[PDB]
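Asker: Attaching a single structure in structure tokens format; questions to follow.
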Amino acid sequence: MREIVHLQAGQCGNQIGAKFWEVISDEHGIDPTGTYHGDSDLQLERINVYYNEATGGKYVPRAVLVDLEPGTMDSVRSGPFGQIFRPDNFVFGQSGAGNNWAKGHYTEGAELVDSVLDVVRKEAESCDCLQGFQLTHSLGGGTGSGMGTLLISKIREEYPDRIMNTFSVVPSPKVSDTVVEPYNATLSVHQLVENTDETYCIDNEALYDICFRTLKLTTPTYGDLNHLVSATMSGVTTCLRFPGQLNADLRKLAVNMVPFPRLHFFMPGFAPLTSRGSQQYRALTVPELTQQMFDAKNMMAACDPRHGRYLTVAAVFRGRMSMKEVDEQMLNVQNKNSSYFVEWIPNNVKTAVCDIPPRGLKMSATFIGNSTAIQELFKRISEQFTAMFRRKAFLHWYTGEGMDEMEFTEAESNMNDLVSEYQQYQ
Amino acid sequence: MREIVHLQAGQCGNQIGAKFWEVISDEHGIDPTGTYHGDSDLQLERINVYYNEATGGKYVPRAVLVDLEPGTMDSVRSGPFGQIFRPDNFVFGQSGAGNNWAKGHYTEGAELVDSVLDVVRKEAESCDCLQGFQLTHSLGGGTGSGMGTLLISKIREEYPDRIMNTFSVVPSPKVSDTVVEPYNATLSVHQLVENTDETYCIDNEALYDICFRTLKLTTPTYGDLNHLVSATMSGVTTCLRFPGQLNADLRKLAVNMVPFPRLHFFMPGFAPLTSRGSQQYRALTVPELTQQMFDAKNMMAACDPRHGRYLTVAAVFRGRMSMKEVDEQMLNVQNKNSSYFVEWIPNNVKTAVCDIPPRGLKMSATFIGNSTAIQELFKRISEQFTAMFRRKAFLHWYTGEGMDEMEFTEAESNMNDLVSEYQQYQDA
Amino acid sequence: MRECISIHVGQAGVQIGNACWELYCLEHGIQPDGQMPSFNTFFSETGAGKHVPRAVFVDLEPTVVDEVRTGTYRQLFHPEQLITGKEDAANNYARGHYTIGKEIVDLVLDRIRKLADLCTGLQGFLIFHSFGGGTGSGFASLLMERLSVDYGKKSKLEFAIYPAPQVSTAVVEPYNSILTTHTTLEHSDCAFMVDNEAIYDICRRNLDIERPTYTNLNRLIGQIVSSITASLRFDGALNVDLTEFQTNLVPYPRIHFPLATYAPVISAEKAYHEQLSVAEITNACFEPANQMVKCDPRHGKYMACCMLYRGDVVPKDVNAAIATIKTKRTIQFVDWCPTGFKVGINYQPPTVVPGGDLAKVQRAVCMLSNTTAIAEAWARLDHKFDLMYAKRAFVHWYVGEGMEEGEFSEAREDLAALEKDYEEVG
Amino acid sequence: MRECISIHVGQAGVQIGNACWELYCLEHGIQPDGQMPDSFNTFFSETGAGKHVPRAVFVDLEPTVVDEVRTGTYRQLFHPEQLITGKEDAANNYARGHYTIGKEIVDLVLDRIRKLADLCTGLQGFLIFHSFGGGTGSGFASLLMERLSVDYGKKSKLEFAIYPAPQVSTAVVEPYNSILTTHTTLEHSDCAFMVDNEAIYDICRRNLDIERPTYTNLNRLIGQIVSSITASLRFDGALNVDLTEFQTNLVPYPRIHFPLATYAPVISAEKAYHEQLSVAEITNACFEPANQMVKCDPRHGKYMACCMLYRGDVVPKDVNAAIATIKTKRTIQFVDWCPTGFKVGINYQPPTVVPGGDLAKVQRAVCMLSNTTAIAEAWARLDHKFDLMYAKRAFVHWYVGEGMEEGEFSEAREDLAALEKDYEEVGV
Amino acid sequence: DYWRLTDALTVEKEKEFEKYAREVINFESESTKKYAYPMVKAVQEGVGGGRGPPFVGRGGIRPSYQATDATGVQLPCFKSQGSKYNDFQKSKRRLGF
Ligand SMILES: Nc1nc2c(ncn2[C@@H]2O[C@H](COP(=O)(O)OP(=O)(O)OP(=O)(O)O)[C@@H](O)[C@H]2O)c(=O)[nH]1
Ligand SMILES: Nc1nc2c(ncn2[C@@H]2O[C@H](COP(=O)(O)OP(=O)(O)OP(=O)(O)O)[C@@H](O)[C@H]2O)c(=O)[nH]1
Ligand SMILES: Nc1nc2c(ncn2[C@@H]2O[C@H](COP(=O)(O)OP(=O)(O)O)[C@@H](O)[C@H]2O)c(=O)[nH]1
Ligand SMILES: Nc1nc2c(ncn2[C@@H]2O[C@H](COP(=O)(O)OP(=O)(O)O)[C@@H](O)[C@H]2O)c(=O)[nH]1
Ligand SMILES: [Mg+2]
Ligand SMILES: [Mg+2]
């Protein structure tokens with residue numbers, strides 16, 4: 001009726017989705033066995049969006065876990081909800097790419113699409129009415145950055161009308177763990193602009209900034225980072241799974257979020273993160289959510305929106321509120337920070353309400369927005385890729401795969417054309 | 001509705017602000033836990049002036065604690081009312097100023113001004129109708145005397161109409177703890193004249209003199225000194241928080257006070273101060289309050305008003321009273337000591353009544369007045385600052401920060417221009 | 001499933017392999033018989049339920065391997081795996097490459113062929129030898145040459161003793177060293193050049209042992225190889241395979257010579273009195289006085305750094321240490337690497353042998369920097385070989401063995417060209 | 001948080017370290033092993049095994065002095081790598097310690113200070129202790145300031161050291177080292193704490209009734225001085241004074257960074273039995289020339305700045321009363337360019353007592369740091385002696401044979417004529 | 001009561017692992033007590049990164065104080081008398097009010 005298939009690419013994608021599938025299983029009251037132990041009828045009313053029915057009152061995630069190395073599948077099923085996934089949905093190869101975009105995209109990509117596409121088509125023919133698939137991957141890897149681009153291109157030909165969201169992981173320049181990282185990001189964003197309806201730019205560094213300051217966690221592991229990135233995309237589709245006073249879904253936002261097809265990159269935002277000491281002195285109010293929402297430190301991307309102009313704003317609220325406060329806070333923030341908003345679009349903010357609160361919490365809010373600050377990231381990649389590509393450095397690994405040299409030039413041309421028309425819209 | 005945000009600068013400011021947040025917590029019946037344990041409905045009707053709501057029936061002070069040294073906050077937090085303040089309001093750093101006005105105002109303050117500006121704007125946008133902010137600091141420091149001037153300059157540009165009152169601490173010449181204290185003071189009062197609606201000059205030595213004589217305390221600590229200033233300034237807004245026979249506010253006093261914008265320095269006075277032996281033989285009467293107040297010993301500044309001319313007088317009263325004596329005493333003191341009052345303005349006395357008595361006490365009164373005695377402080381600083389600048393002593397500390405030398409002169413030139421026109425108001 | 005096969009050659013190869021294998025046995029809990037009272041990457045199961053080391057010890061002298069044959073681990077090891085010769089080269093690359101190799105080339109090749117048949121998915125070939133001994137030089141050269149055409153894609157790691165710049169156990173070592181470099185240039189993927197004198201200085205200075213020995217050195221060699229292989233053996237938040245850290249170490253086909261470092265290395269008595277944390281250990285990895293090759297990277301410029309933490313460690317502290325080391329002007333980077341780090345984390349702390357020297361420590365670090373400061377050692381060797389070849393000393397030995405004397409000048413010119421290429425990078 | 005690192009130089013530096021750190025162990029409560037059965041972080045550092053490690057660099061050019069510490073009671077208190085030794089010493093030669101022998105161990109010490117600076121997050125300043133007499137304490141010490149000045153331009157560099165006593169002397173070639181060291185304590189020092197042992201000799205015998213004192217008895221008193229300076233940093237107080245606070249309020253010009261210290265009261269337990277201790281009594285002893293720790297009389301000079309550190313059971317009331325009495329004394333002269341030259345500092349915790357010491361357990365204490373121009377006569381005596389040495393060309397062959405130019409002697413001698421002249425300009 | 005219920009739930013969930021934490025300490029301290037120091041440091045660290053005294057009114061909550069440029073060093077308590085507060089009532093009878 002409106003179903004989503006959870007594509008999963010890379011070690012980063014596998015760990016992110018594994019934390020995600022646990023989170024909504026808590027939300028829908030699904031045990032590790034796969035049955036329903038929940039209490040409310042709404043906890044099992046629209047669970048068919050992500051789950052598929054099995055005998056014995058059992059439900060299976062509609063996820064296709066893909067990676068080029070089998071060394072991560074063990075840790076996937078070693079986790080809490082490791083046995084909830086169907087084993088036939090696990091698709092993986094033997095030899096990885098070694099963070100080489102070339103190897104994942106072309107050489108060891110060619111044989112593994114057929115197993116992925118057959119599994120993807122099987123879940124595609126399972127549900128009657130698909131809203132769209134969902135893929136999480138990293139732009140600094142060899143499979144998520146590499147292989148991860150290829151299956152997107154083929155499913156656009158196979159399924160053009162379906163919504164295509166990507167919670168990609170953009171590498172950071174201040175903190176980076178890969179030397180060939182700019183080369184992979186150079187050849188992946190070109191695939192993003194051509195074939196993607198919307199992209200969510202996440203950054204691990206800004207996640208690390210939040211936990212140090214906003215949460216003040218002493219020892220933040222990647223599970224904590226996976227907890228945040230699962231929470232925001234849980235807030236994307238909570239209005240889909242549960243009724244609200246003002247309903248919305250992916251297509252309500254995506255149509256309202258894309259003024260022109262070339263621009264589909266957004267930075268998300270989650271309102272109630274407070275440290276344990278911050279729990280003691282607060283009053284839970286909608287203005288407090290909005291105040292923490294627009295503070296530039298709350299963004300988990302690597303771009304401050306105060307240097308850019310704001311194209312379009314989304315604010316999706318999870319729980320029970322009164323919208324007169326919600327409309328007054330959107331109106332208050334629109335007029336006050338007038339310089340940061342574009343003038344050719346009055347009323348840049350889109351609002352949505354989801355009646356069901358997040359589990360364990362009373363009030364929350366989720367935020368999506370497109371601003372001129374995202375172009376700060378792309379040229380920042382260009383300063384490093386061109387520094388690499390001028391001396392033909394690290395090229396024989398790519399050149400040994402079998403492509404020619406103009407692909408870097410056209411990928412460099414595409415994002416330079418991207419930021420140029422992005423600068424014109426400022 | 002009518003809200004106040006407390007700006008807190010320096011070790012002096014942090015301690016007195018902590019003392020001030022305790023007395024009104026006792027007044028508004030707020031436990032160190034944070035909830036409300038009071039008995040009277042009027043104890044909780046206007047608590048939103050200083051407190052903000054927190055879930056679970058809790059109220060948080062609307063304070064912004066600032067200092068350049070991190071160890072002062074731990075003394076604030078280890079204080080008994082240390083778990084009443086929200087931690088995000090606390091803003092500080094590890095690099096101090098070393099009693100240098102220049103380091104606070106330019107070098108190290110520039111990295112911290114952004115965060116406190118975020119905090120005060122957060123508290124400003126919280127309340128619907130803000131009357132103004134409130135900063136308390138010392139002129140003998142490096143943070144409150146230093147970057148505290150920089151905070152004031154910014155928020156006047158951001159919020160011009162809002163009131164900006166300062167219970168600033170002016171250093172004493174007879175007892176001092178800093179040699180560059182005239183240097184910081186001369187570079188601070190010039191920031192005061194340009195950007196401040198009203199200022200109250202409290203001297204610690206005058207506070208020291210009072211407990212030497214009026215209270216006869218054997219070992220009064222600075223907490224006692226913190227106790228007087230909190231009680232003095234709680235009497236400023238007791239009419240604001242609680243209705244009275246004749247209501248008044250900060251803007252009611254300030255508009256009725258300031259004849260020309262260049263003059264906003266005053267000496268405050270407090271009525272109910274008696275030693276233990278004085279409690280045995282007394283009668284709580286209106287004249288005794290008025291009689292005690294106009295004696296120059298009670299005053300917490302280092303200026304004798306008998307050497308100057310009282311420009312205007314504001315006298316607010318706390319507790320339930322009649323206006324028969326209140327008017328009969330102010331008229332009596334106006335006529336008797338005519339030479340100490342200017343002739344250009346009749347009826348210099350401004351009066352206000354607050355019905356609610358102070359906690360645990362019956363009668364009280366608070367007074368704010370402008371006189372021609374205040375230059376006894378300013379010009380005596382000029383007897384120091386000029387006699388320290390001509391040889392360029394202690395200048396490399398200030399010169400190493402990157403500023404010029406014309407700034408000392410212009411601050412001095414403004415201070416000589418300040419007194420000179422104000423001299424002219426004495427003989428007018 | 002990941003597999004690394006040992007191809008150790010020479011007296012150094014045999015002693016180092018016995019070292020590394022006692023560390024592997026104590027790590028995996030295997031008793032000296034080969035019975036357990038993770039492991040599969042090095043061991044292999046048998047019908048009798050024993051665990052079989054995947055090592056090929058090859059030597060031209062019998063006694064070095066007969067010491068193992070009568071050692072404790074005799075029943076643990078394979079009589080067929082241990083390959084011995086009757087007559088040695090006696091520090092003669094020509095003997096080792098032309099006269100004595102062909103007798104047992106076929107036997108060694110067949111042994112590694114059966115080991116590769118036993119393995120299913122081969123990750124790597126770890127090959128240990130020396131640049132001084134005629135055996136460890138010429139035999140290593142020929143087995144690289146044939147192994148390259150036997151397995152084109154399978155990666156070949158090259159751990160080898162380089163002659164020390166001051167102390168030497170041979171006079172005819174530089175001829176073998178200059179003649180061997182062709183194979184480590186055109187038949188190697190990574191090279192881990194080591195001189196003894198650096199480890200000598202390290203163990204005297206830090207470890208307080210005034211009279212160490214070759215087994216004391218081999219303990220640290222086994223420790224660094226174990227820390228390299230720990231990500232394959234056990235779980236980590238960021239597992240690092242061989243392909244990943246070779247890709248983020250090798251920019252060009254001619255530059256595959258990184259320098260290594262292990263920290264912390266302190267005795268237990270001094271380990272009583274200091275905190276060991278991420279910042280201190282990563283600062284100790286950067287000191288020129290702790291470098292295991294006699295050169296100062298401060299005289300050169302780092303252009304790649306692979307990083308392998310181990311034990312009790314948090315990525316927050318990892319990123320903080322990365323920021324701290326990046327904010328240092330004494331440490332330089334080449335202009336074409338704004339981001340030159342390859343970070344990996346493993347959970348299990350490094351184990352300890354009884355009778356060893358390092359104390360048991362909860363967190364450790366292994367550093368692998370590719371820089372341009374290594375070329376000065378090759379320059380010293382070039383001067384020494386030039387003043388060797390000027391008077392044509394010891395030439396008669398090799399000529400009687402039967403090689404062509406122009407190969408000496410060809411190797412000298414080739415290493416000069418390699419130094420010139422390193423100058424071009426620098 | 002605040003941290004202090006000791007870079008004591010010389011055998012004397014090793015010995016005062018032994019005295020200081022035993023005292024530091026007693027106040028916080030460190031066992032001889034190093035476990036408690038954060039006031040300690042400024043001196044100690046936590047380990048993985050939870051050991052609290054001294055943050056001092058013991059550096060010496062001879063093995064025997066530091067090896068005694070290696071076999072002392074606190075052998076398992078100090079890190080063995082930290083105690084840096086030298087195989088050969090200079091033997092009362094500045095030149096050997098500054099041009100030949102120092103260079104072998106320059107880096108190894110300089111790697112240590114960096115590693116100690118690694119452990120600390122916010123570093124306040126550096127405590128460097130040495131002696132002007134010994135070659136290592138003069139030669140090796142002079143070079144290290146020159147290098148750490150460019151390594152840490154902003155970090156404070158305190159200097160307690162030992163000046164040659166104007167009559168008694170343990171060396172003949174001491175003035176050559178003493179003169180050639182004065183250049184470094186001018187352009188590579190922030191403060192200085194010159195002391196002759198003879199002044200301590202007179203004070204201890206006169207006051208503490210120990211007719212046969214040893215060097216440890218002296219080092220206990222110097223440890224009390226350093227303890228009093230850091231006491232406001234280690235523990236809370238009404239007026240906490242950090243390192244930068246009194247660096248600013250003691251130094252009028254960059255060329256003038258030589259105050260004189262004074263500690264009081266210093267009296268035996270039998271002596272303490274019969275006499276009352278009060279703030280006025282204990283502060284009056286601080287201005288007595290016979291109790292001064294430098295052989296000069298400030299009554300022959302003028303104070304331009306006095307720094308005041310109250311410790312123990314002290315009250316701000318008696319603080320101001322004592323200041324009032326001292327300001328009313330013609331015997332105490334002040335410069336015309338500092339009317340307020342008292343820098344008040346108040347701490348709560350009383351100074352602890354070491355078993356086997358000389359000071360009895362007292363409740364209140366005072367510390368004095370007065371800069372005056374009467375110190376300049378002591379340098380003139382050194383100029384009087386060293387010049388009459390240097391004309392005779394004696395011991396010149398020793399220094400010239402090391403490899404330094406003989407013209408630096410005249411330049412160093414010429415310098416101190418300018419420093420003495422500058423102190424005369426302030427005296428006008 | 002909804003937030004009051006969650007307050008008691010936080011007390012409930014913090015307790016249950018403390019039993020699981022404690023039984024390892026008693027099991028580990030079966031041979032020698034010379035070696036139980038890191039447990040005592042671990043179970044006395046407190047809820048959150050705080051160094052000062054616990055607040056019994058709020059349930060032992062230790063709020064942190066981390067606002068210091070990019071460093072964020074936690075504030076340590078130098079330790080003092082920490083005397084009971086004036087209440088403004090003790091002095092008012094000390095001053096006779
Ligand atoms: N690090 C280390 N080096 C060794 C060891 N054994 C030998 N070497 C080095 O190897 C060099 C000589 O070669 P060997 O390993 O002894 O013997 P080989 O490799 O079989 O070559 P040939 O002597 O010609 O037979 C010496 O210079 C040593 O530096 C060892 O156990 N550890
Ligand atoms: N206050 C004090 N001064 C000392 C002490 N020991 C030595 N001195 C002074 O230091 C001078 C000699 O320097 P030393 O510390 O003994 O030796 P050094 O500094 O290492 O220099 P060299 O003797 O050349 O090695 C003597 O003239 C004393 O005046 C001490 O224990 N306490
Ligand atoms: N935020 C986040 N990032 C992760 C996590 N796990 C891995 N990563 C990132 O993923 C990158 C490595 O991805 P990789 O395994 O090469 O991707 P693949 O080639 O597609 O399999 C690293 O740079 C990590 O920063 C996680 O749990 N959270
Ligand atoms: N009246 C009063 N004055 C105080 C108190 N605490 C400190 N002071 C004064 O404040 C001055 C030092 O302030 P300082 O810490 O340098 O201010 P900052 O630089 O703004 O932090 C001293 O001269 C004291 O007289 C107090 O509790 N009450
Ligand atoms: Mg051999
Ligand atoms: Mg000596």
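Every chain in the structure tokens takes a letter, A first, then B, and so on in the order presented; its residues are numbered from 1, and the ligands are numbered from 1 following the presented order.
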With only C-alpha atoms as the counted atoms, please give the residues lying no more than 8 Å from range 385-402 of chain A, apart from itself and same-chain residues fewer than 4 positions off, as JSON, numbers by chain.
Answerer: {"A": [100, 101, 102, 103, 106, 107, 180, 182, 183, 186, 381], "C": [247, 250, 251, 252, 253, 335, 336, 337]}
Asker: Would you save the residues of that selection, restricted to N, CA, C and O atoms, as a CSV table (one decimal), in the first residue's frame?
Answerer:
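And here's selection.csv as it stands now:
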chain,number,residue,atom,x,y,z
A,100,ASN,N,38.5,1.1,-3.0
A,100,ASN,CA,38.7,1.5,-4.3
A,100,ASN,C,37.3,1.6,-5.0
A,100,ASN,O,36.6,0.6,-5.1
A,101,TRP,N,36.9,2.8,-5.4
A,101,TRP,CA,35.7,3.0,-6.1
A,101,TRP,C,35.6,2.2,-7.4
A,101,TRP,O,34.6,1.7,-7.8
A,102,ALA,N,36.8,2.2,-8.1
A,102,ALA,CA,36.9,1.5,-9.4
A,102,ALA,C,36.5,0.0,-9.3
A,102,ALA,O,35.8,-0.5,-10.1
A,103,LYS,N,37.1,-0.6,-8.3
A,103,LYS,CA,37.0,-2.1,-8.2
A,103,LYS,C,35.5,-2.4,-7.9
A,103,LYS,O,34.9,-3.3,-8.5
A,106,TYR,N,33.0,-1.4,-11.1
A,106,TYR,CA,33.2,-2.1,-12.3
A,106,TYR,C,33.6,-3.5,-12.2
A,106,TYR,O,32.9,-4.4,-12.7
A,107,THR,N,34.7,-3.8,-11.5
A,107,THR,CA,35.3,-5.1,-11.6
A,107,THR,C,34.6,-6.2,-10.8
A,107,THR,O,34.0,-7.1,-11.4
A,180,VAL,N,42.4,7.5,-0.3
A,180,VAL,CA,41.8,7.6,-1.6
A,180,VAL,C,40.3,8.0,-1.5
A,180,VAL,O,39.5,7.8,-2.4
A,182,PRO,N,38.9,11.2,-1.4
A,182,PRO,CA,38.4,12.1,-2.4
A,182,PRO,C,38.1,11.5,-3.8
A,182,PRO,O,37.2,11.9,-4.5
A,183,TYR,N,38.9,10.5,-4.2
A,183,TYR,CA,38.6,9.9,-5.5
A,183,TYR,C,37.3,9.2,-5.5
A,183,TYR,O,36.5,9.2,-6.5
A,186,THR,N,34.6,11.8,-5.5
A,186,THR,CA,34.5,12.4,-6.8
A,186,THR,C,33.6,11.7,-7.8
A,186,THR,O,32.8,12.3,-8.5
A,381,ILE,N,35.6,19.3,-1.1
A,381,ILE,CA,36.1,18.1,-1.7
A,381,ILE,C,37.0,18.4,-2.9
A,381,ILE,O,38.0,17.8,-3.2
C,247,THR,N,46.1,-0.1,-0.2
C,247,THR,CA,45.5,1.0,-1.0
C,247,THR,C,45.7,2.4,-0.4
C,247,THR,O,46.1,3.3,-1.1
C,250,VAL,N,50.0,3.0,-0.8
C,250,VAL,CA,50.8,3.0,-2.0
C,250,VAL,C,50.2,3.9,-3.1
C,250,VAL,O,49.2,3.6,-3.7
C,251,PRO,N,50.9,5.1,-3.3
C,251,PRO,CA,50.4,6.0,-4.3
C,251,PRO,C,50.8,5.6,-5.8
C,251,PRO,O,50.0,5.9,-6.7
C,252,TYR,N,52.0,5.1,-5.9
C,252,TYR,CA,52.5,4.8,-7.2
C,252,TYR,C,53.1,3.4,-7.2
C,252,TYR,O,53.5,2.9,-6.1
C,253,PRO,N,53.3,2.7,-8.4
C,253,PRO,CA,53.8,1.4,-8.4
C,253,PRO,C,55.2,1.2,-7.9
C,253,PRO,O,55.6,0.1,-7.5
C,335,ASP,N,52.2,18.3,-0.1
C,335,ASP,CA,51.1,19.2,-0.5
C,335,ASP,C,49.9,18.4,-1.1
C,335,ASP,O,48.8,18.9,-1.0
C,336,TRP,N,50.1,17.3,-1.7
C,336,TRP,CA,49.1,16.4,-2.2
C,336,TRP,C,48.6,15.4,-1.2
C,336,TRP,O,48.4,14.2,-1.7
C,337,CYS,N,48.5,15.7,0.0
C,337,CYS,CA,47.7,14.9,1.0
C,337,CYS,C,47.3,15.7,2.2
C,337,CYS,O,47.9,15.7,3.3
Asker: Could you tell me, counting only C-alpha atoms and all ligand atoms, which protein and nucleic acid residues lie no more than 6 Å from ligand 4, written as number ranges by chain?
Answerer: B: 9-12, 15-16, 67, 99, 138, 140-145, 177, 204, 222-223, 225-226
Asker: Identify all chain E residues at most 9 Å from chain D by counting only C-alpha atoms; ligands do not count. Present them as an MDAnalysis selection string.
Answerer: chainID E and resid 37:38 51 71 73:80
Asker: For the selection just defined, write its residues with C-alpha atoms to a file, as a compact mmCIF listing (two decimals), in the first residue's frame.
Answerer:
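Output (part-v6.txt):
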# COMPACT_ATOMS: atom_id res chain seq x y z
CA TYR E 37 40.76 -0.27 43.92
CA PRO E 38 39.43 0.23 40.33
CA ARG E 51 33.31 15.71 40.97
CA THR E 71 38.92 21.97 25.75
CA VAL E 73 37.85 20.54 31.24
CA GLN E 74 35.46 19.41 33.97
CA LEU E 75 35.41 21.54 37.09
CA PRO E 76 37.08 19.90 40.11
CA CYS E 77 36.18 20.70 43.70
CA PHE E 78 39.21 21.99 45.61
CA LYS E 79 37.26 20.97 48.78
CA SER E 80 36.41 23.28 51.68
Asker: Which of these, A:243, A:360, A:346, A:13, has the shortest distance to chain E once you count only C-alpha atoms?
Answerer: A:360
Asker: Any chance you could list, as a ChimeraX atom specification, the residues in chain E that come up alpha helix (DSSP H) when DSSP is run on the backbone?
Answerer: /E:2-28,37-43,89-94
Asker: Compute the set of protein, DNA and RNA residues whose minimum atom distance to ligand 2 is at most 7 Å, using only C-alpha atoms and all ligand atoms, and state it as a PyMOL selection string.
Answerer: chain D and resi 9-13+15-16+60-62+89-93+130-138+162+164+169-171+197+215-216+218-219
Asker: For the interface of chain C with ligand 3 (cut-off 12 Å, counting only C-alpha atoms and all ligand atoms), please tabulate each contacting residue of chain C alongside its nearest pair of atoms and their separation in Å to one decimal, rows sorted by chain and increasing number, as CSV.
Answerer:
residue,atom,partner,partner_atom_place_in_ligand_line,distance
C:236,CA,ligand 3,6 (N),10.2
C:237,CA,ligand 3,6 (N),6.9
C:238,CA,ligand 3,7 (C),6.3
C:239,CA,ligand 3,15 (O),8.1
C:240,CA,ligand 3,15 (O),8.8
C:241,CA,ligand 3,15 (O),10.2
C:243,CA,ligand 3,16 (O),10.7
C:244,CA,ligand 3,16 (O),8.0
C:245,CA,ligand 3,16 (O),10.9
C:247,CA,ligand 3,16 (O),11.4
C:248,CA,ligand 3,16 (O),11.3
C:315,CA,ligand 3,25 (O),10.0
C:319,CA,ligand 3,25 (O),11.1
C:341,CA,ligand 3,23 (O),10.7
C:342,CA,ligand 3,23 (O),8.9
C:343,CA,ligand 3,23 (O),8.4
C:344,CA,ligand 3,22 (C),9.2
C:345,CA,ligand 3,24 (C),11.0
Asker: Restricted to N, CA and C atoms, what would the selected residues look like written as a compact mmCIF listing (two decimals), in the first residue's frame?
Answerer:
# COMPACT_ATOMS: atom_id res chain seq x y z
N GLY C 236 36.69 -5.79 15.28
CA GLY C 236 37.01 -4.40 15.56
C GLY C 236 35.92 -3.50 15.01
N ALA C 237 35.82 -2.30 15.58
CA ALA C 237 34.83 -1.34 15.10
C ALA C 237 35.12 -0.93 13.66
N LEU C 238 36.39 -0.74 13.34
CA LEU C 238 36.85 -0.53 11.96
C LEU C 238 37.90 -1.61 11.70
N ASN C 239 37.45 -2.75 11.18
CA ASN C 239 38.39 -3.78 10.75
C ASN C 239 39.17 -3.30 9.54
N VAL C 240 40.45 -3.65 9.49
CA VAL C 240 41.33 -3.24 8.40
C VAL C 240 41.95 -4.50 7.80
N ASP C 241 41.68 -4.74 6.53
CA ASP C 241 42.25 -5.89 5.84
C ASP C 241 43.54 -5.47 5.15
N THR C 243 44.10 -5.37 1.75
CA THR C 243 43.79 -4.53 0.60
C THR C 243 43.55 -3.08 1.00
N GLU C 244 42.85 -2.86 2.12
CA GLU C 244 42.52 -1.50 2.56
C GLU C 244 43.77 -0.70 2.88
N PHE C 245 44.66 -1.25 3.72
CA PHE C 245 45.82 -0.47 4.12
C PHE C 245 46.97 -0.55 3.13
N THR C 247 46.09 -0.05 -0.20
CA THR C 247 45.52 0.99 -1.05
C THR C 247 45.73 2.36 -0.42
N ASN C 248 45.49 2.47 0.88
CA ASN C 248 45.82 3.72 1.56
C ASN C 248 47.23 3.66 2.14
N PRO C 315 37.16 5.86 19.60
CA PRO C 315 37.39 6.72 18.43
C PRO C 315 37.35 8.20 18.74
N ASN C 319 40.30 10.50 17.33
CA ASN C 319 40.16 11.74 16.59
C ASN C 319 40.84 12.90 17.30
N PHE C 341 45.66 9.79 6.59
CA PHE C 341 45.57 8.83 7.68
C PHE C 341 44.65 7.68 7.30
N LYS C 342 44.98 6.49 7.80
CA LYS C 342 44.20 5.27 7.56
C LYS C 342 43.99 4.58 8.91
N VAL C 343 42.88 4.87 9.57
CA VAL C 343 42.69 4.51 10.98
C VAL C 343 41.97 3.18 11.09
N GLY C 344 42.48 2.30 11.95
CA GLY C 344 41.77 1.08 12.30
C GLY C 344 41.84 0.80 13.79
N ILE C 345 40.80 0.14 14.30
CA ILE C 345 40.64 -0.13 15.72
C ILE C 345 40.30 -1.61 15.91
